[PDB]
Each structure stands twice: as structure tokens, then as C-alpha cells.
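Scroll down for the structure; my scribbles are underneath it.
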Ligand SMILES: COc1ccc(Cc2cc(-c3sc(C)nc3C)[nH]n2)cc1
Ligand SMILES: [K+]
Ligand SMILES: [K+]
Ligand SMILES: [K+]
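This is how it looks when you write it as C-alpha cells:
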């Protein structure tokens, strides 16, 4: 048997230019349109991601929900020399795919992959991976986990004033708990970027929530 992630990686390895992230991203994009399937972010959302990374130029990025490494290849190619991406994947096999995917893209020295569940890994980040603070967090895992993982980062001390949270799919299927909190909390300064997946009927969006640091008085 051959899973379909294995087939995407086998397509990349066969049709993309080694060491060239853009070529890798286009091979995956092309396999998806032909074999009718899709990664966790599309092109429109990629461009939103691209702008955020370019605007804030983060030295340390956490991604929750790697899948194939498509989004890791997307973000890590924009990282400056010295900057690194930590990405979490809960499914062992997908995590493995993501590593092979990064290896082939040449971005493997910038990205560390962690196989595990976010609520187990986030607490170990300081002690076991020498994280002080995160500069940017991309959330694209389980919807019910967005709001509690956010406060888990908060409690663990992994956010500093200026940390940028970028949450995917806050509209479709929606993360209404998470949205309400960052939009209502004084600890965040939010902005919504809309992604038009289909005219009138499928209109999603990412939420960019800027941590404002603990209060003072
Ligand atoms: C619709 O359901 C899904 C939504 C997103 C994904 C991709 C994914 C999510 C994760 C999780 S979940 C968790 C507590 N920690 C992590 C790192 N790893 N990979 C898989 C299924
Ligand atoms: K997504
Ligand atoms: K920086
Ligand atoms: K707010």
C-alpha cells in the first residue's frame, strides 16, 4: 500500500528541482490540481502568510499542524539567515513526510519537526528545545485547540510583546471561541485578512493577533 502523502512526496522527488523551495511548492500545487486534492493552505492564503512573514521578519516561528510540510516550505523559504521554524505534527507518518519534504527543498537546517500533540509539546519548548520567546505562531491544527493552546503559550511565557499569531480557518469552518477571545482581550491587537476560496459562498480568513504583553500598573 501507498498513502497519498507518500505519493505527493514521490511526485516532488521526481519532478521538482532539488534545493529549490519554489519548485517544490509548484510540484505539490500541480499534483493537487491533477489528482484532485489540496494542502492545508491555498495560494491566496499563502500570499497572506508571505506578507506577514515579510512584514515582521521573525527570528523564531512556531507552526501548529505541519501535515506535509507544504506550509513549512512556504514559511521557511522566507526566513532570514539565523531564523528557524518549529513545526508540530501529531501524525508520525505525516511528520516523516514533512522532513523528507524539507530535505528536498534544502530548508532542513532552518526547520525542526516535532511529532506530538501541541498541549504536550508547548510546555517542553523552553526546557527541551531552548525556546525563550516565539516571534510568530501559525495555527492550523485542531479548531477546539486554538484558544486553549493560545493561553498555554501565554502561561508558559512563550509570547512577548510583538509576537504575531496568525490563525487559519477562523471563518470556515470557524474558530469562534478563539476569535472572540483575541478580539475581546486587551492582550491582543487583531486584524482580519479574508481569503476568497469561492465566489460568494466560501469566504474564509486568517486572524492576525498581536500579543501586547502583560499589563502594568
Ligand atoms: C480536521 O482535523 C485535523 C485538522 C488539522 C490536522 C493537521 C494536524 C493537526 C495536528 C495537531 S492536533 C494537536 C492537539 N496537536 C497537533 C500538532 N497535527 N497535524 C489534522 C486533522
Ligand atoms: K488550513
Ligand atoms: K528579527
Ligand atoms: K483586542
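In the authors' numbering, the protein residues as written are 2 to 218. For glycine and all other residues, C-beta sits at the position ideal for the given N, C-alpha and C.
query: Cβ-Cβ distance between residue 112 and residue 87 below 9 Å; result: yes
query: Opening and closing residue of the alpha helix (DSSP H) in which residue 89 lies; result: Unbroken run through residue 89 is the beta strand (DSSP E), 85 to 90; no alpha helix (DSSP H).
query: Classification of residue 100 by the beta-carbon crowding that lies within 10 angstroms, buried from 16 upward; result: buried
query: Secondary structure of residue 78, DSSP reduced to three states; result: coil
query: Residue interval of the alpha helix (DSSP H) (run including residue 170); result: No alpha helix (DSSP H) contains residue 170, which DSSP labels as neither H nor E.
query: Check: residue 141 C-beta below 8 Å from any heavy atom of ligand 2; result: yes
query: Sequence ranges, beta strand (DSSP E) only - wholly within the stretch 46 to 76, length at least 3; result: 61 to 65
query: Minimum C-alpha distance to residue 165 - residue among 53, 157 and 137; result: 137
query: Proximity test, residue 185 beta-carbon vs ligand 4 heavy atom, cut-off 8 Å; result: yes
query: Three or more C-beta pairs below 8 Å linking the stretch 167 to 180 and the stretch 193 to 208; result: yes
query: Residue of 5, 108, 4 and 173 minimising C-alpha distance to residue 46; result: 173
query: Residue 84 Cβ short of 8 Å to ligand 3 heavy atom set; result: yes
query: Residue 136 beta carbon near ligand 3 (any heavy atom closer than 8 Å); result: yes
query: For residue 16, three-class secondary structure by DSSP; result: helix
query: Burial state of residue 55, where buried means 16 or more other Cβ atoms lie within 10 Å; result: exposed
query: Neighbourhood of residue 76 by C-beta distance below 8 Å, restricted to the same chain and skipping five residues each side; result: 50, 54, 62, 64, 86 and 139
query: Reference residue 67; option with closest CA among 31, 119 and 17; result: 119
query: Distance, residue 128 Cα to residue 187 Cα; result: 29 Å
query: Boundaries (first-last residue) of the beta strand (DSSP E) holding residue 28; result: Per DSSP, residue 28 belongs to no beta strand (DSSP E); it is in the alpha helix (DSSP H), 22 to 35.
query: Where residue 204 sits in the DSSP three-state scheme; result: strand
query: Residue(s) in a DSSP beta bridge with residue 221; result: No statement about residue 221 is possible, as the shown extent of the chain runs from 2 to 218 and does not include it.
query: Buried or exposed by the 16-neighbour rule on C-beta atoms within 10 Å, applied to residue 20; result: exposed
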